[PDB]
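For the protein sequence lines, the chains are A and A', in the order given. A prime marks a further copy of an entry chain. In the deposited numbering, each number is its position in the first sequence, counted from 1, plus 4. In the deposited numbering, each number is its position in the second sequence, counted from 1, plus 4. The beta-carbon is built from N, C-alpha and C at its ideal position, and this holds for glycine as well. Just below is one structure, and these are the notes that go with it.
There are 2 protein chains.
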Amino acid sequence: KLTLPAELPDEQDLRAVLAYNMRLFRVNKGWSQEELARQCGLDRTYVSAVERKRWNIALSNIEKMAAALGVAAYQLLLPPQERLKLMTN
Amino acid sequence: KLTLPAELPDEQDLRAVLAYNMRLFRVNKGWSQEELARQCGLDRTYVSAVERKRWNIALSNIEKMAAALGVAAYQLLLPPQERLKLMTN
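Printed below as a string of structure tokens:
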């Protein structure tokens, strides 16, 4: 029932890029927002707001989400358009 | 006279990875720490301390350094070992 991002993010909008990627990766893991937050030791309200681009998130919290999601931190800031471009073209 | 990083960073240490990359890219541009700080509208003391891994830097400041350096934000978090691996292997 876990839904993916509806639209591609502006590649320049780093918050939008992060939010897209967080949601894509957590959904691939079968994780709700709440579950991702529990995995990182972050407040579920905070994680949900990050996905709505509300917070100037610190590097340490990027690092924790990336560790919980099992990806390199830089993959959270890599626009999905670029990832796909590299992956399939 | 602008010197490059002395050692490769621990790829897991995101602060170390950022500091390596900031210094590599700014040196490629002919920029001191002070100059990079002026380019981003950041305090030179703060930029110098980021390169010594002292600060839990926010996403907005990552974005500003990346815009001043003319690179994608995610390249600041991409370990130089990986970059080289992709670039030449």
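The CB of A'/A62 comes closer than 8 Å to the CB of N60, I61, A62, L63 in chain A, given here in chain order.
At a cut-off of 8 Å between C-beta atoms, A'/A41 does not count as an interface residue with respect to chain A. For A'/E11, the closest of A'/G45, A'/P83, A'/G74, A'/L40 by C-alpha to C-alpha distance is A'/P83.
Within chain A, no C-beta atom comes less than 7 Å from the C-beta of A'/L12; the nearest is roughly 16 Å away. Within chain A, the residues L18, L81 have their CB atoms less than 7 Å from the CB of A'/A77, given in chain order. In this structure, A'/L63 lies away from A'/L18, with their beta-carbon atoms at least 8 Å apart. At a beta-carbon threshold of 8 Å, none of the residues of chain A' lie near A/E55; the nearest stands roughly 14 Å away. Nearest to A/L28 by alpha-carbon distance, out of A/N65, A/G74, A/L90, A/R42, is A/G74. Excluding sequence positions up to five before and after A/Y24, its CB lies within less than 6 Å of the CB of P9, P13, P84, all in the same chain and listed in chain order. DSSP links A/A72 through a beta bridge to no other residue.
Listed along the chain, the chain A' residues whose CB falls inside 8 Å of the CB of A/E67 are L18.
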